[PDB]
Amino acid sequence: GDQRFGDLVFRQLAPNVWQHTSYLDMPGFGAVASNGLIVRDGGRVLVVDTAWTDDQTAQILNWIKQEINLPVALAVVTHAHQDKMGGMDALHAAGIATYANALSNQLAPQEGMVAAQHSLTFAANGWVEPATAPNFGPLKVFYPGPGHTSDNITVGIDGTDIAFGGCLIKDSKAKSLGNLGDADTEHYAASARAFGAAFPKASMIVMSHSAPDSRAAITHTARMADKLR
Ligand SMILES: Cc1cc2oc(=O)cc(CP(=O)(O)O)c2cc1C
Ligand SMILES: [Zn+2]
Ligand SMILES: [Zn+2]
């Protein structure tokens, strides 16, 4: 199931979808895994989230070249923290068009991140304004409200049972909501439930720091966030 490729791990989730996993030593927390996605859409590849670092992200591109061998048309990154945007320079060095929530791009410099080239904006109901996400193919981008961060976004993969919650969603056995340093504790619970409601048929919930889980990940994350109120 898991394919080790250098210091990264890749796991196929569906015929056209793989999870990428990279690791960073956090003093006091061990070597922390972070997950993103790789999607083949016909003759091109779409990426959700970088790895923690430029070098790791270049290795994702190397894995794509060896295992898929199609151009990477774009990447979308799901908030302005290192696990999701730390490898932006590697995407730009490779010539890949990059997208993030406008707010993520605004926050990127102060977070020590490099902004994506393009900014996504969202309707009042949370769905991305399609003009800002051209050529996204099966990627359906949804802003659920502030939670893990104020800028966190989520992605469903049309034609699959997969939805990606990023750092907003924790697994059904998680003991905490993780890093709340930039979290909106008041709105977290509602944002988690809004993610589930935006992707009601998604049976495989992919997230940043745990293996894919059932929809119980959503209901359990929302119960834990209730305590922050
Ligand atoms: C323990 C911990 C602390 C953190 O402090 C930060 O400032 C940013 C992150 C990355 P995050 O997972 O929040 O996107 C972070 C991650 C972990 C595990
Ligand atoms: Zn984060
Ligand atoms: Zn995280």
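These numbers come from the heavy atoms of this one structure, side chains and all, not from hydrogens, waters or symmetry mates. The residues of the chain are indexed from 1 along the displayed sequence. Read the numbers this way: they start at 1 and go in the same order the structure lists the ligands and their atoms.
The aromatic ring centroids of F199 and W127 lie less than 6.0 Å from each other. Under the 6.0 Å cut-off for aromatic ring centres, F10 and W18 do not qualify, their centroids lying 6.0 Å or more apart. With ring centers used as reference points, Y99 lies under 6.0 Å from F136.
Using a 4.5 Å heavy-atom cutoff, the side chains of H20 and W63 are not in contact. The shortest side-chain heavy-atom distance between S22 and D7 does not fall under the 4.5 Å cut-off.
Taking every non-hydrogen atom of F29 and a distance limit under 4.0 Å, the qualifying atoms of ligand 1 come out as 1 (C). The contact set between ligand 1 and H81, taken as ligand atoms under 4.0 Å from a residue heavy atom, comprises 11 (P), 13 (O), 14 (O). Within ligand 1, the atoms closer than 4.0 Å to a non-hydrogen atom of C167 are 12 (O), 14 (O), numbered from 1 in the order shown.
Ranking protein heavy atoms by distance to atom 8 (C) of ligand 1, first place goes to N179 ND2, 3.3 Å. Scanning the protein heavy atoms around atom 10 (C) of ligand 1, the nearest turns out to be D83 OD1, 3.8 Å.
Distances from the Zn ion (ligand 3) to the N/O/S atoms of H209 are shortest for NE2. Sorting the N, O or S atoms of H148 by how far they are from the Zn ion (ligand 2) puts NE2 first.
At a heavy-atom distance under 4.0 Å, only side-chain atoms of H209, from C-beta outward, approach ligand 1. With a 4.0 Å cut-off on non-hydrogen atoms, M26 touches ligand 1 through its side chain and not its backbone.
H81 lies apart from the Zn ion (ligand 3) in this respect, since none of its N, O or S atoms is found at a distance under 2.8 Å.
Defined by atom type and a distance below 3.5 Å, a donor-acceptor pair is present between the side-chain atoms of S104 and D151. For the 3.5 Å distance criterion, the side chains of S172 and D213 qualify, holding a donor opposite an acceptor.
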Let me see the working for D171 and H209 under side chain to side chain donor-acceptor pair (under 3.5 Å), right down to the final yes or no. CA-CA 8 Å; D171 71 81; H209 307 299; over 6 Å; no
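Annotation: angle subtended at the Zn ion (ligand 3) by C167 SG and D83 OD2 is 80°, to 10°.
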